[PDB]
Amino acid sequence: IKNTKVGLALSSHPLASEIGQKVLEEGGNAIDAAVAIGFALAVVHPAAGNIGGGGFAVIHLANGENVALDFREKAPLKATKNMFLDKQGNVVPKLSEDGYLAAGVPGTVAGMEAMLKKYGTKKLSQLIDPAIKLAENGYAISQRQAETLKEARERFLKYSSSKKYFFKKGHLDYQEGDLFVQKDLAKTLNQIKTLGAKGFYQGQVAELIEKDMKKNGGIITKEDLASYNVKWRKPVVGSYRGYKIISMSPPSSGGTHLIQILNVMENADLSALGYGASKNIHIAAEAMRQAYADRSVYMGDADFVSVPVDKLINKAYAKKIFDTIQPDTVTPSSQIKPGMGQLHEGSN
């Protein structure tokens, strides 16, 4: 895949990639293309692409600024610490996984609109048109999609809504090559086309959400939807062998641990032995081990709890981790101490 003219827009579905690429061809910028792709994947890749979930965008601007958009789902206004436990304090099987209580307040539609308005050049109404066309007129189920739909069968069958949408008539599995048409999804996307994010978080669509939640034991209401907020955040930034690394900050742990593990690895000359050498794998893997132990104690939504991001991404901390890594030997996980005695804020 190569371009020397307008750049590249690349996704896991060729129809969405083509939609993004055409936006670039037509003169839109990377944000315009990204917004087109987000809506297109919500139609063509429903296992993952979505309007019912959320995520993050890390953005580097032409002028040199780096910014991050948090459009992560929020726990509902009525969520509680022990909401997935029974009277005895034990996990209720599948309650956090299957069905309506498992859902956080969706952020995707808000995220798409937010980055478009701040950094895009084109109108949402136009960028959403390709996704609407695919919803209304259909697209061919792929081989992999047929497999993943089949695997989800028993889960879909629990919910009358999903039975209607994700099975053919007679609740048959979609097959490779079948044309998949999504009329109600098209209606929803048309509300967003017309009204913007307000077409999702307010009005008729918000009413559908509240009603179905109430019907099915969920807790998300119109209030939750009206309270949904994206957050513009600073990305986490580091360096690796002279290259600048820009990645997602809390409420993701991803960028922080990525920078942390690379920081540890930087202390070794990996190039000496090359790809796939056990000596190199050991350094990276022992770095990973400490990072995930740290994650278990020190990571969360930094708006609500103390998260020591700056300490976790500091090269001095990584050098301490590197020093604890003994040649030719692992530290068993049961012997790993989250924080390595470096993340104590006094007796807190």
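Between two forms, the rigid core is defined as the largest C-alpha subset superposing within 1.5 Å. One-based numbering along the sequence shown.
Chemist: Core fit done; bigger CA RMS in 4 other deposited structures of this protein for 164-172 or for 186-194?
Modeler: Looking at 186-194 and 164-172 in 4 other deposited structures of this protein, the bigger mover is 164-172.
Chemist: Stretch 318-326 versus stretch 286-294: after rigid core alignment, which one is farther off in C-alpha RMS in 4 other deposited structures of this protein?
Modeler: Between 318-326 and 286-294, greater C-alpha deviation in 4 other deposited structures of this protein belongs to 318-326.
Chemist: Between 329-337 and 16-24, which has the larger average Cα B-factor in the PDB entry?
Modeler: Here the higher of the two C-alpha B-factor means belongs to 329-337.
Chemist: Which wins on mean Cα temperature factor, 202-210 or 251-259?
Modeler: Averaging CA B-factors over each stretch, the winner is 202-210.
Chemist: Out of 277, 110, 219, 264, which residue has the highest Cα temperature factor in the PDB record?
Modeler: By C-alpha B-factor in the record, 219 ranks first.
Chemist: Considering every modelled residue of the chain and its Cα B-factor in the PDB entry, is residue 229 in the lowest, middle or highest third?
Modeler: For residue 229, whose C-alpha B-factor we compare with every modelled residue in the chain, the answer is the lowest third.
Chemist: Could you look up the Cα B-factor of residue 123 in the entry and say which third of the chain it sits in: lowest, middle or highest?
Modeler: It belongs to the highest third of the chain when residues are ordered by C-alpha B-factor.
Chemist: Ranked by Cα temperature factor within the chain, is residue 74 in the lowest third, the middle third or the highest third?
Modeler: Lowest third.
Chemist: Quick check for you: using the entry's CA B-factors within this chain, is residue 132 in the lowest, middle or highest third?
Modeler: According to the entry, residue 132 has a C-alpha B-factor in the chain's middle third.
Chemist: Determine, from the deposited record, the chain-internal third of the Cα B-factor for residue 100: lowest, middle or highest.
Modeler: CA B-factor rank for residue 100: lowest third.
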